[PDB]
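Participant: Quick one: the structure is below, and I'll ask about it shortly.
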Amino acid sequence: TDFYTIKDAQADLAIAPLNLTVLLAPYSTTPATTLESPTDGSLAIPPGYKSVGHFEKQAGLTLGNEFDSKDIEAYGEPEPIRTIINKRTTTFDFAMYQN
Amino acid sequence: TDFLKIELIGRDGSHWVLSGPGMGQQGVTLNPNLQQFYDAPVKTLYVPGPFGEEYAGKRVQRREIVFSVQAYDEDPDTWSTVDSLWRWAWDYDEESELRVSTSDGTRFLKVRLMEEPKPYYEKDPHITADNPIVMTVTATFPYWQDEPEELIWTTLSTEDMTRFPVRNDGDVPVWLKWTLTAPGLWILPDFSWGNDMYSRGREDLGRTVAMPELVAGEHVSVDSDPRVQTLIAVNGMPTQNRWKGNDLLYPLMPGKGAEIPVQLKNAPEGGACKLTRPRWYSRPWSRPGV
């Protein structure tokens, strides 16, 4: 098998978030299970979610994933036999313009 | 370094060079930070006095040497062989020799395992095949020794007398040992060398003690060492019983020495006297002092 066939890379699977928006809702609002409209598969935002408007372009939106890990090493092994991801913290930050 | 060479002779006769030229040839090297190795531990006594406390004498303590070694090889099987051999070189009941050789000669210390060794790292030692062993050895006799000096005087005359040259080049007093053949009446020196430990330092400058008359076959070992009984008959006779509250009391003080006189009388077949003088030092190496 040739290298290109082994790679089987698709450019269409690369998705560029050309226009991004952030919507916030009070904790009493029913959470959004999905954003796909059941009737026609369009973009359906549940009621109670309100956009934060424009935000900075150069800053963008940064999604941060933080892993807390623990190394399990055995008495008869030099390297750690296993690693445990105790927790995974998710954060996101951005710079809103509107008041 | 080539100025200092540390070796161990195990209880089984194995020879290890832990430091100096040839170190690690047997697979075991010596780690730094070894304690109570150089100076003999001595504690001083103090009694209350007008200006605080007054000096009351000193007592020497047994050595507690805590050191560490590396047992190393490229393959785990041979490392295991070396580690087993190192463990075999030690015991609690019987002692192994630890020699330090420098420009001041070779001096040895007899040491035994004070407690069980602490080997290996936190993981299994076959991974690294290069592991430390923590040794807590003890020296019951805390003084570094050299080979004792032995002198022989044999005679065929019934009455004879000789002068044994004796000298204490060490920094600590030593106790003399005599081996006297039988029969015959022996007179042995017990010179104080100025020692006032019995308030007779100069009264006993030329003190001689006459051992009891020995019957045939009653060869005696006369050791002034406080550890052992002074008179020991080889045949089990109570020779000390016929000795009337007399004893060898004085060691050979440091820096002192002379031609001590040994006299033999009433010996039909002559007699032989052997003098053993130990060479005890408080340090593995030290320049001669006088």
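Letters A, B, ... go to the chains of the structure tokens in the order shown; residues in each chain start at 1; ligands are counted from 1 in the same order.
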Mind checking DSSP for range 40-271 of chain B and telling me the alpha helix (DSSP H) residues as a PyMOL selection string?

Facilitator: chain B and resi 76-88

Participant: Residues of chain B that approach chain A to 8 Å or less, counting only C-alpha atoms: could you list each one with the shortest pair of atoms and its distance in Å to one decimal, rows by chain and increasing residue number, as a tab-separated table?

Facilitator:
residue	atom	partner	partner_atom	distance
B:122	CA	A:75	CA	7.5
B:123	CA	A:75	CA	4.7
B:124	CA	A:76	CA	5.6
B:127	CA	A:78	CA	6.9

Participant: Store the residues picked out above in a file with N, CA, C and O atoms, as a PDB file, in the first residue's frame.

Facilitator:
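Below you can see again-v2.pdb, which holds the result:
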ATOM      1  N   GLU B 122      14.475   1.294  46.611  1.00  0.00           N
ATOM      2  CA  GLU B 122      13.061   1.038  46.858  1.00  0.00           C
ATOM      3  C   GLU B 122      12.499  -0.031  45.926  1.00  0.00           C
ATOM      4  O   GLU B 122      11.577  -0.759  46.312  1.00  0.00           O
ATOM      5  N   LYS B 123      13.030  -0.150  44.710  1.00  0.00           N
ATOM      6  CA  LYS B 123      12.573  -1.159  43.768  1.00  0.00           C
ATOM      7  C   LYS B 123      13.457  -2.400  43.872  1.00  0.00           C
ATOM      8  O   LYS B 123      14.378  -2.468  44.688  1.00  0.00           O
ATOM      9  N   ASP B 124      13.176  -3.406  43.045  1.00  0.00           N
ATOM     10  CA  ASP B 124      13.973  -4.621  43.108  1.00  0.00           C
ATOM     11  C   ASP B 124      15.375  -4.348  42.573  1.00  0.00           C
ATOM     12  O   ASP B 124      15.537  -3.648  41.570  1.00  0.00           O
ATOM     13  N   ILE B 127      17.039  -4.631  38.709  1.00  0.00           N
ATOM     14  CA  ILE B 127      16.897  -3.638  37.648  1.00  0.00           C
ATOM     15  C   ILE B 127      18.217  -2.917  37.423  1.00  0.00           C
ATOM     16  O   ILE B 127      18.800  -2.968  36.334  1.00  0.00           O
TER      17      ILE B 127
END

Participant: Would you mind listing what lies within 6 Å of range 229-240 of chain B as a VMD selection string, with only C-alpha atoms counted and same-chain residues fewer than 6 positions away left out?

Facilitator: chain B and resid 218 to 223

Participant: Please determine, counting only C-alpha atoms, which residue among A:48, A:82, A:43, A:87 has the shortest atom-to-atom distance to residue 31 in chain A.

Facilitator: A:48

Participant: Can you pull out every residue within 10 Å of residue 82 in chain B, counting only C-alpha atoms, but drop anything in the same chain fewer than 6 positions away, and send it as JSON, numbers by chain?

Facilitator: {"B": [26, 27, 28, 71, 72, 73, 76, 88]}

Participant: Restricting the output to N, CA, C and O atoms, write the selected residues as a short mmCIF file (atom, residue, chain, number, x, y, z; two decimals), in the first residue's frame.

Facilitator:
data_model
loop_
_atom_site.label_atom_id
_atom_site.label_comp_id
_atom_site.auth_asym_id
_atom_site.auth_seq_id
_atom_site.Cartn_x
_atom_site.Cartn_y
_atom_site.Cartn_z
N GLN B 26 36.57 -6.06 43.12
CA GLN B 26 35.70 -7.12 43.57
C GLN B 26 34.22 -6.76 43.45
O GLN B 26 33.37 -7.54 43.87
N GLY B 27 33.91 -5.59 42.89
CA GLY B 27 32.54 -5.18 42.65
C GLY B 27 31.94 -4.30 43.71
O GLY B 27 30.84 -3.77 43.50
N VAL B 28 32.62 -4.11 44.84
CA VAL B 28 32.09 -3.33 45.95
C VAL B 28 33.00 -2.13 46.18
O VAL B 28 34.21 -2.28 46.38
N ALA B 71 27.46 -2.28 45.68
CA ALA B 71 27.71 -3.53 44.97
C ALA B 71 27.21 -3.36 43.54
O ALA B 71 26.03 -3.04 43.33
N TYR B 72 28.10 -3.55 42.58
CA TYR B 72 27.82 -3.18 41.20
C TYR B 72 28.34 -4.23 40.24
O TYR B 72 29.40 -4.81 40.46
N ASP B 73 27.58 -4.45 39.16
CA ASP B 73 28.09 -5.14 37.99
C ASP B 73 27.16 -4.87 36.82
O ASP B 73 26.05 -4.36 36.99
N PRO B 76 22.79 -8.57 36.06
CA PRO B 76 22.14 -8.83 37.36
C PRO B 76 22.56 -10.13 38.02
O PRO B 76 22.62 -10.18 39.25
N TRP B 88 28.14 -12.59 52.76
CA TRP B 88 28.85 -13.70 53.39
C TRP B 88 30.10 -13.22 54.12
O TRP B 88 30.55 -13.87 55.07
#

Participant: Which neighbours of range 261-266 of chain B fall inside 6 Å, counting only C-alpha atoms, when residues of the same chain fewer than 2 positions from it are skipped, and could you give them as an mmCIF file with C-alpha atoms, in the first residue's frame?

Facilitator:
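Output file selection-v4.cif is given in full below:
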data_model
loop_
_atom_site.group_PDB
_atom_site.id
_atom_site.type_symbol
_atom_site.label_atom_id
_atom_site.label_comp_id
_atom_site.auth_asym_id
_atom_site.auth_seq_id
_atom_site.Cartn_x
_atom_site.Cartn_y
_atom_site.Cartn_z
ATOM 1 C CA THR B 158 69.046 -23.071 85.515
ATOM 2 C CA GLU B 159 69.303 -19.375 86.437
ATOM 3 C CA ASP B 160 69.327 -16.679 83.765
ATOM 4 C CA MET B 161 68.192 -13.123 83.119
ATOM 5 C CA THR B 162 67.428 -11.079 80.010
ATOM 6 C CA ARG B 163 66.376 -7.582 78.957
ATOM 7 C CA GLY B 184 60.918 -22.802 87.005
ATOM 8 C CA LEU B 185 60.400 -19.594 88.978
ATOM 9 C CA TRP B 186 59.869 -16.501 86.834
ATOM 10 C CA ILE B 187 60.186 -12.858 87.860
ATOM 11 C CA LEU B 188 58.520 -10.412 85.475
#

Participant: One number please: CA of residue 136 in chain B to CA of residue 57 in chain B, in Å, one decimal.

Facilitator: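 Between these atoms lies a distance of 28.9 Å.
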
Participant: Pick out the closest residue to residue 8 in chain B from this set: B:274, B:110, B:62, B:43. Count only C-alpha atoms.

Facilitator: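 That would be B:110, the residue with the smallest distance to residue 8 in chain B.
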
Participant: Show which residues sit within 7 Å of residue 259 in chain B, as a ChimeraX atom specification. Count only C-alpha atoms, and ignore same-chain residues fewer than 3 positions away.

Facilitator: /B:163-166

Participant: Considering only C-alpha atoms, return as a CSV table (one decimal) with N, CA, C and O atoms, in the first residue's frame whatever protein or nucleic-acid residues lie within 10 Å of range 242-247 of chain B, sequence-local ones (same chain, fewer than 5 positions apart) excluded.

Facilitator:
chain,number,residue,atom,x,y,z
B,190,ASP,N,56.7,-5.3,86.2
B,190,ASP,CA,55.4,-4.6,86.3
B,190,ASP,C,55.6,-3.1,86.5
B,190,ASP,O,55.0,-2.5,87.4
B,209,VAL,N,57.4,-8.5,89.8
B,209,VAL,CA,56.5,-9.5,90.5
B,209,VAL,C,57.0,-10.9,90.2
B,209,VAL,O,57.3,-11.2,89.1
B,210,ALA,N,57.1,-11.7,91.3
B,210,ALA,CA,57.6,-13.1,91.2
B,210,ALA,C,56.4,-14.0,91.0
B,210,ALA,O,55.6,-14.1,91.9
B,211,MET,N,56.3,-14.6,89.9
B,211,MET,CA,55.2,-15.6,89.6
B,211,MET,C,55.4,-16.8,90.5
B,211,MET,O,56.6,-17.1,90.9
B,212,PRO,N,54.4,-17.6,90.8
B,212,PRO,CA,54.5,-18.8,91.7
B,212,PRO,C,55.4,-19.8,90.9
B,212,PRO,O,55.4,-19.9,89.7
B,213,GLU,N,56.1,-20.6,91.7
B,213,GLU,CA,56.9,-21.7,91.2
B,213,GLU,C,56.0,-22.6,90.3
B,213,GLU,O,54.9,-23.0,90.8
B,222,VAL,N,50.5,-15.3,81.0
B,222,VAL,CA,50.4,-14.2,81.9
B,222,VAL,C,50.0,-12.9,81.1
B,222,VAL,O,50.9,-12.2,80.6
B,224,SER,N,48.4,-9.2,81.1
B,224,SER,CA,48.1,-8.1,81.9
B,224,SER,C,46.8,-7.5,81.5
B,224,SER,O,46.3,-6.6,82.2
B,230,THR,N,44.8,-13.0,84.5
B,230,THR,CA,46.2,-12.8,84.4
B,230,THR,C,46.9,-14.1,84.2
B,230,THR,O,47.6,-14.3,83.2
B,231,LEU,N,46.9,-15.0,85.2
B,231,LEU,CA,47.5,-16.3,85.1
B,231,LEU,C,46.5,-17.4,84.5
B,231,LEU,O,45.5,-17.6,85.1

Participant: Between CA of residue 60 in chain A and CA of residue 91 in chain A, what distance in Å does the model show, to one decimal?

Facilitator: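 So the two atoms, CA of residue 60 in chain A and CA of residue 91 in chain A, lie 13.9 Å apart.
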